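Structure first, commentary second.
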């Protein structure tokens with residue numbers, strides 16, 4: 001089997017991407033944030049504290065003939081941006097882009113933090129990291145991908161995120177029309193539960209390529225590209241007037257600037273992020289200070305190849321017995 005679903009930016013900055021997901025019988029369609037950096041499928045629901053719902057579409061298990069309470073199971077998750085959610089668990093039928101999993105753990109939120117409430121466009125998350133990170137207790141649950149895997153034509157999914165435009169998540173096949181040139185595959189470590197890999201280096205604009213190992217995660221659920229302070233400083237040094245601002249919370253630059261591209265290595269291959277992808281616009285409405293899309297990972301504890309990087313590529317998440325990641329230009 002295969003599935004194919006369109007993923008759509010939630011706003012004009014590509015802050016995140018939503019993908020329609022069918023849950024239950026009859027189908028309830030919720031728009032979920034597919035997150036290769038976490039492993040819980042959780043939704044706003046009829047159980048979510050009323051004051052913490054503001055415009056989201058909710059899952060109502062009582063209206064699904066295939067929903068069953070997973071008795072005694074609870075979940076609680078905290079994300080790198082400090083947001084969080086928690087609740088209980090149902091199993092139900094879940095379909096993405098025509099691919100159906102029966103018995104999927106659907107984690108129903110009783111509580112969500114402010115950032116989720118305030119984002120009316122995101123109805124929940126669908127995690128696509130390794131199931132070892134799933135937070136359900138006392139019985140850990142599998143991701144949608146893990147559950148689908150044995151039925152898939154090939155044990156893969158692909159992320160093809162758009163720049164200010166829709167893209168695609170495919171399950172079970174590689175669309176050879178969706179990229180240019182060849183796909184370069186690179187080793188993954190699952191030791192931390194992430195799609196963790198090692199980039200071979202970077203370049204800033206038209207500058208020479210610096211060969212250097214950068215361990216990080218491929219994370220569709222993080223907006224920006226978070227890299228070591230050395231690398232980030234080298235990038236922003238090429239933008240007149242750019243500076244790191246403690247008050248704003250990262251690198252800012254004059255909105256009048258033209259940003260250089262940033263290249264990262266995948267083995268001997270090179271993925272080029274155009275400068276425009278690195279512009280996240282005024283720090284506040286009407287400001288002439290703009291927020292940068294490449295930021296330091298110092299104090300995160302991990303480097304993160306978030307959407308800024310991933311959207312410059314066609315990315316294969318290969319979930320074979322020995323997992324790997326593939327990157328192609330597009």
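The values are calculated or read from the model by the stated rules, or taken from the named source; these are not laboratory values. Positions of Cβ are generated from backbone atoms using ideal geometry, with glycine treated the same way; all protein chains shown enter the neighbour counts.
Which numbered condition trips up residue 230, out of (1) assigned to a helix (DSSP H, G or I); (2) touching a residue at least 24 places away in the same chain (Cβ under 8 Å)?
Result: residue 230 fails condition (2) only.
Could you list, in sequence order, all residues of region 288-305 that are surrounded by 24 or more Cβ atoms within 10 Å (Cβ to Cβ) and part of a loop (DSSP other than H, G, I, E, B)?
293 - this is the single residue of region 288-305 that is surrounded by 24 or more Cβ atoms within 10 Å (Cβ to Cβ) and part of a loop (DSSP other than H, G, I, E, B).
Of these, 252, 239, 248, which one is part of a strand (DSSP E or B) and either surrounded by 15 or more Cβ atoms within 10 Å (Cβ to Cβ) or in contact (Cβ under 8 Å) with a residue 40 or more places away in the chain (or both)?
252
Could you please find all residues in region 25-54 being assigned to a loop (DSSP other than H, G, I, E, B) and buried (at least 21 other Cβ atoms within 10 Å of the Cβ)?
Of everything in region 25-54, those that are assigned to a loop (DSSP other than H, G, I, E, B) and buried (at least 21 other Cβ atoms within 10 Å of the Cβ) turn out to be 36, 37, 38, 39, 40, 44, 48.
Counting only residues that are more than 23 Å from the chain's Cα centre (by Cα) and in a loop (DSSP other than H, G, I, E, B), which one in region 55-93 is nearest to residue 119 (Cα to Cα)?
Here the answer is 60.
Tell me the residue from 200, 223 that is surrounded by 15 or more Cβ atoms within 10 Å (Cβ to Cβ) and either in a strand (DSSP E or B) or not assigned by CATH to the domain that holds residue 305 (or both), please.
200
In region 8-24, which residue that is under 11 Å from the mean Cα position of the chain (by Cα) and surrounded by 17 or more Cβ atoms within 10 Å (Cβ to Cβ) is farthest from residue 177 (Cα to Cα)?
For region 8-24, the residue satisfying everything is 16.
Just one of (1) crowded, with 16+ Cβ neighbours inside 10 Å; (2) over 22 Å from the mean Cα position of the chain (by Cα); (3) in contact (Cβ under 8 Å) with a residue 60 or more places away in the chain trips up residue 185, so point out which.
Failed condition: (2).
Among what's in region 203-220 and is at negative phi and assigned to a loop (DSSP other than H, G, I, E, B), pick the residue that is surrounded by the fewest Cβ atoms within 10 Å (Cβ to Cβ).
Here the answer is 208.
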